[PDB]
Amino acid sequence: XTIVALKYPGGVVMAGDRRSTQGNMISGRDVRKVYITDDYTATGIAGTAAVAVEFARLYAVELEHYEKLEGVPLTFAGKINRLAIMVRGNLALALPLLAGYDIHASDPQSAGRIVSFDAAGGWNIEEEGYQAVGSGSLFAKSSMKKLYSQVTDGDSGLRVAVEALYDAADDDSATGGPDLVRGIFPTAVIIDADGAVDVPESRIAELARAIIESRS
Amino acid sequence: XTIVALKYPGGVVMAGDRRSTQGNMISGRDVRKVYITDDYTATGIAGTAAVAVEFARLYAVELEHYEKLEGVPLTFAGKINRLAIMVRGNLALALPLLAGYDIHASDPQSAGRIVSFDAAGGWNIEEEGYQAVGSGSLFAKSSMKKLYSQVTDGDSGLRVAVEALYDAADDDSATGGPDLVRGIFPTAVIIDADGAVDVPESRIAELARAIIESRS
Amino acid sequence: XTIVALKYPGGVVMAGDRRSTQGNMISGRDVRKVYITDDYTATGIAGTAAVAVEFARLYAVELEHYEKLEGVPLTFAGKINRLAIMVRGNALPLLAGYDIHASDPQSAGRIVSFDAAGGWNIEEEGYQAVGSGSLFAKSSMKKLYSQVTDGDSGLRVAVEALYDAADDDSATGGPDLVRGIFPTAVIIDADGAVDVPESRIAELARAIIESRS
Amino acid sequence: XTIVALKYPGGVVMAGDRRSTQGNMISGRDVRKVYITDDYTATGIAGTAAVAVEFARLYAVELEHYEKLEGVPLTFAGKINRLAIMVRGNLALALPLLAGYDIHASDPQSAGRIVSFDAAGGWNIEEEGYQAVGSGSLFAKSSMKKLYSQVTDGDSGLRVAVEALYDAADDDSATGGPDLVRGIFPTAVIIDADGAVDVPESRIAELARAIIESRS
Amino acid sequence: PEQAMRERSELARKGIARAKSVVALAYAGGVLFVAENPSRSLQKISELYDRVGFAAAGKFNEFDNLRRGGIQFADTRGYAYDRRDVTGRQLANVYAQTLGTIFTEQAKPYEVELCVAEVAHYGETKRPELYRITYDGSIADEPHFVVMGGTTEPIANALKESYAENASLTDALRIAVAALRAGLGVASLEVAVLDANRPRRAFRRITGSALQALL
Amino acid sequence: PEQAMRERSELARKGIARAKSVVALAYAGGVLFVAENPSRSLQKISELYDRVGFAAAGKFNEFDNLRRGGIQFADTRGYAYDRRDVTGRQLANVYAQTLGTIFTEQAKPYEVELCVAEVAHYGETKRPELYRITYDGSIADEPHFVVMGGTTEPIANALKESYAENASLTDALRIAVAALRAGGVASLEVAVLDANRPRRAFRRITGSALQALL
Amino acid sequence: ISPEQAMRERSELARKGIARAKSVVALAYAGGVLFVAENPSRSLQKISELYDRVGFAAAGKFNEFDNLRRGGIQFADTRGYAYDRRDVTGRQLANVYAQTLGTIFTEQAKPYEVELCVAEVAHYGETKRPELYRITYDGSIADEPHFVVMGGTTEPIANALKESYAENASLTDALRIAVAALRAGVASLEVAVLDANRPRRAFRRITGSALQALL
Amino acid sequence: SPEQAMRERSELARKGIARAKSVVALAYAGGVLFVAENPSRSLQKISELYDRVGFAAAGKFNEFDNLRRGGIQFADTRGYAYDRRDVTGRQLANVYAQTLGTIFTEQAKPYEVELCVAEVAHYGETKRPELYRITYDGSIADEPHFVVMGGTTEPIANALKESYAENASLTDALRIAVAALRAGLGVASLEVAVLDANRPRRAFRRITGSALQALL
Amino acid sequence: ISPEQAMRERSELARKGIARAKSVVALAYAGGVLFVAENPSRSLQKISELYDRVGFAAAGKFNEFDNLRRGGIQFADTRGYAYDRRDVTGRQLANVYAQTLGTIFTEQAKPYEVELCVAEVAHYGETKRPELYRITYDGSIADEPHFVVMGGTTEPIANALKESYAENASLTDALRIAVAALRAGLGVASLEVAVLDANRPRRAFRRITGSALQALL
């Protein structure tokens, strides 16, 4: 399974595939792996539907718990710190990928943030512009490397993210590609100054069809 | 042993086989694995008679405990959450399949819900329309895949559920088929807007006898 | 990964590479491993970005906690003792500092390393290195240390030691001229610990490269 | 690494090498392994710089702690007892060598004491006149056995201790010999009725140069 | 001892009477909270959960401790059951239980008077619920308005006359500020609403420029 | 130790006397609970278990805590033994134990008076049982009716004269509403332990269905 | 037993202990917050750093407020580490001191004979009016906008300051106004500022030679 | 009454201190001087706390010896956990104030003691000696010149105010102290000790018997 | 409760209990320390060994001082084992008794109606003046250079001893002076006698009973 995340001038986009496997058998086709956790953040876990939603839910509760108690939300550094404490607590399994927008950053164009975790539960803020986690991560990263120059805005960001996921599916059987028969496409979240939003399914469908048509 | 569950327009049906084995030896022929847990839910476990009844009993007590204390029953999301806490607690084994009807859903036709659990104790809402757990699950699922288009109402659904169990038995020795000699047939529960009801043995006997005559 | 540290007259310099690997795969290119921990100390860990920053952060909090409670900072010996308790409680660090209370300000630079068993060691050889490219870096410094006469030549030698570590160890990253990523460094003297500007390290790295070709 | 200790008429002397290794690699050249612990005692550990210093520090604190609380220092038997409790506590590693002078002994000429520890944490008072611990201990002891007859005072005693360490280094790669290039020589402590004092570097260097000239 | 019960009750009633006043009233768009508060940092009104709000009068350190404990309870319940489990009735019951235990077991009772308000979920038809919890653990279901702290009677009478069952925001705000002055601007007021038209989090603060516009 | 016992007993008796009244009486189809309650949210009558009901008078926060603890106990017992283990006698005994401990160990005794009622299981012949548990832990087995809270004597006497064993639903309800006055749907909470229900006997009679029975 | 007589006698015991101790004043100034205390001792501090932009000042019995200073530093460091350095605010520390003092006043034998002041300045490069909090022996917290006076005789110092105060007064001006008003030398004064112009650690002590030329 | 309890406890303690023998501590050119009226040869009123820190007390023995022991335990723990320089007179005085204040408030009987903690400069450093008076209630006072504890304080305090010299010699300051004490004595009834700032590490030194004679 | 009224009433309760019990005297002599007690019982001991050179003597309520005697032997043996045998001194044991009695006087319901004496002699072949300590019900410790008198009526026995004292009494001499001064406020049938003999290699404590005591008096 694969989750991708990329920074565009003005924000960040995160997208995940829909498949789950039990060895070689396909166990899921509608698996949602990316969830909005607060007004400015989203988490994605390359794991089961349960691990993804349970993790996001607990994290969302903690961010909102702090906000209600203290009156203001945590700073971006504080959000990562709390996520890291949660990840290290569960490890003592799949690694979280966090996308956010630092509302308090000096330059709004580069305020998008991507945070990933290594096997030991250590956080890492990505300065490369993109990141991917899961079984098709290498194929998705390799694809974004050649297509990143095309990312000039939120629309291009979403298009490239979908193409990276497509390339992951094309080379990794554990990652699901767009199912044109059932009408199931990757899920995505875009985060900018106005907050975190779920990208409409019809928008992802259109992009997927254009990529398929282009490669034919 | 196998449990199957399918959504039909306006509701859900859950059915389970009657066998229990101890290696190769048949240890049970009258094993009830599906139980009504509250007015709108039913659980099924593909295990022994004891694991199935003890689990259902504890869960039924938990749902009614909440209703008595708070005056209203838990929302469907709350019922799954409580079940998940119970499943994760027992792992620290055969996993449950929950069938229920969301009385508060906006569209009553698709208010039927099916919930399963994976090896790690993770919940999952099936969107395919059907699901199966146990040693004959693949066979039952592959059978429902071909017959699901025939499901238009509760009786059509029940037919497809009994046929899925028959196909599980036909290919898996751990799943019991309909015993015409002893008069033992799969047990089933149907849940719609009027609540959860045990399907009469005579309706299942009629369906099973006919699937047999059909394949003859 | 490699971290180097050396004493120069009137100070200390500590520098670290920017790579992180996952076996054979390069997982990081901008990894900061050296951090200022208080006005007169800096720590460097030859590990992941997280282990380096989390360790430095906890140690910095411990040093400042003492200062606020007791009014004065810990003596240098006390700073090492606290670091040693932290290391034994838990990825072996290299500490670089300047003892503002030492009799001779010229020799006041200090370098402390830790062995596998969590035991501290004050280096009296003038330099030290930790990580997968540490032997290459130490053997390089052995031949170039006679050239260290001030803060600038100290920084040139530190950057050259890291270059040599990268040249012989695939786990240590050399200067990336394509991306403009260079080793990070901290210099500590009587005026305190300061981050070395990226421009100065880039100049030293380009000169080391031109001198080798 | 090696630590030697020998009794001379009127006191005791303890000396240790300066090397530390991480396998075959030389990790230290200035390693101090012998430390004065109180006015009349010194400990030596054939281990790393940290194990040697931390052990000596904890033991010195314990001896002075008792003196401040009770007004008088512990008897020699009580010093060993406290050391033994400390050694048994750490093994539940390297074994400490203790050199001391019993100021309360009847015969001052033989008031020097040497105490060693075995693998099980058991103490042993040496009556042979000398002892050694570490990887070069047997070479050092066999050397002292042939040279002990030459010890008639503090100076000849120091000469024999340095020669023992030289022989240890000559046959054991883990023990460091005198480095004439860097000017690094074994450290030593001499204890008599006037207390424990560190032997000056210049005095050990002259004796070492005489041992090297003598062997050439 | 009956003497102990009266003296504790008096100690608490006097502490509440000496503090500034707070009023919350139902309106067409939800519940409106208005409090006399010169401080820009110390809050008397707060969010508890999705559709539940909090307002208190009395000694700060005491009601902030209850605000925190309520948020703690609400978040634990919503996570262990469902988000719909947390209701105004539930939080009010918990506060009644807590204050009642303090009044009985602790040396000094809490010099506080609390108000828990709940609005309907998005797209649902339900009349707003307002609860008054007092120092002894007494809970009262008020259908229209709650007045806590300072001098209750002059503000309560002044509201019994000029109230509107489905007043707009601008109207209900002006009616509330009027009853608080007779017994004050952006610099001395803390205003907030439980807006039943918000998707999930109903609590919204009306501060500065936006409040001066509404005055 | 005698002055303390009287003052605690007085503090509690006065708190119960200041609260609204509740009556519980036996009828043909089970037990009927009628309480004077203007609130639509705060319940004074509740289900405990299958055939067991609860009714209380006094300070709300105090009896709701007892209602919750009783449901907790009942569900634990039924699970650890069988559903038939949970009886009215058992729950009443538990409330007596709890109130008696509170009266003796907490700073203020609970200003409550409780009633635990039990009806027969489906298809069985058994006379309904009603228990009165008071603030001090005293338990009394009442055969016909229980009156708690407010002024007991005027309601108890008005019920002693007008009592019929095996009275009908519509009849027993009217007799109960009548005795409560001497001492409408917007000022009442009504519920029955209907012995004709398969398992859960407790049923609330609210709104439209309640207006008709008067 | 009697909850009202005990409350008055405890309150009196504490008020008298604070009245017998030396005075401390805190006031807003253009570059930050200024702390001036009457302290002949060169070792026993009455003013201290709590966190980055947060300062502490106290009056009363030393052993009691030093215990609170230590506990405040312990809290602040734990929070900053568990969340962000920014979680730590003046409002947060003041709330915690209010909680602690209120619990001492209730559970312990003798209440703390102290009066505390927590002050916070803006972060580097940010526009925010300095916040000053007064926390008293019973746990009462008051948000003072201009100045705080604690210990000794409050009224003469408070009135002498109410007349000579200037909002954007410079360091040299505000220092002279503060030294004056206490009276209503370097060997008897402890002075410190929360300088809003420093990158991270705002707290700075003005001692000896530097304080002389400034006075 | 709580104000009545505060006065009665304060009186009980003040009377116990007034009934015990006197102790004076004064700054001299070479460090700090402690002189106490003590007929006992075993029960000490003056003691070493740490390297540059001394202790002196007046009152009930069992109570101040308990505090002397607790102070030595604290000092050794701190010096070991941090550095030897962490231990200061200010630190120990603060700890005694904390301890006595807790005893006064919570225990059934307050401690009938008055303590003095003194600190001199480290070897080769220029620093004015610090003297702290800690009383039964936890009050701490920084005395610049002298401290008088136990018995009748005013007659001894006035006799010292008139006879105090800033950088007095050992023989001079001793004679001034013994005089001050007589207003409220020889080798057999005196306990004398100094915190000699000229010693390398351990400043505390007792002046007993024959050596104390030549000073009187 | 009033902290001053409680302190006086507890002090009185204890002082009266000690005044009602029989008397014990401890005095230095040339060979060590001598303990003399008025005790008709042949089983219940008032004098005992604590450690090598340390002795114990008490007056008051039996169950209370026997509990202290046992606790002292338990402390002494633990210390000597954890450190060295020379760590256990009279000063150390006296300090511990003072700590214990002081805590009892403060924390427990009734204070201990006891008065204790800890005595220490020199080690074999050493020159050191015997030390005697008096520990009272409140935890007060006093270093007595010559003699200690506990229990019953102190003043008449203390005055009769203050007259008749000698710096180095012989055993036969010091014993007679002690039995005599005890007769101001008795023979083999009503006396408990023991010495801390500084001339014994290790264990200084020795009881002088029956036939051997008769010839000495």
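Lettering of chains follows the sequences in order, A, B, ..., and the numbering in each one begins at 1.
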So for atom CG, which belongs to A:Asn24, do other residues, nucleotides or ligands contribute more than 12 heavy atoms lying within a distance under 6.0 Å? no
What pair of heavy atoms forms the shortest contact from C:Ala50 to A:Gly122, and how long is it? CB-CA, 3.6 Å
Do other residues, nucleotides or ligands put more than 12 heavy atoms under 6.0 Å from C:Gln147 CD? yes
Go through the atoms of A:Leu138 and report whether side chain, backbone, both or neither lie under 4.5 Å from a heavy atom of chain C. side chain
Kindly compute the distance separating OG1 (C:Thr48) from CH2 (A:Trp123), expressed to the nearest 0.5 Å. 10.0 Å
Rounded to the nearest 0.5 angstrom, the OG-CG distance for C:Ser27 and A:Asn124 is 7.0 Å
Can you tell which part of C:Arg32 gets under 4.5 Å to a heavy atom of chain A, answering side chain, backbone, both or neither? neither
Interatomic distance, A:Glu128 atom CD to C:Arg179 atom CZ [nearest 0.5 angstrom]: 5.5 Å
Side chain to side chain contact (heavy atoms under 4.5 Å, CB included) evaluation trace for C:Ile181 with A:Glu127: CA-CA 11 Å; C:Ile181 303 167; A:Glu127 288 287 80; over 6 Å; no
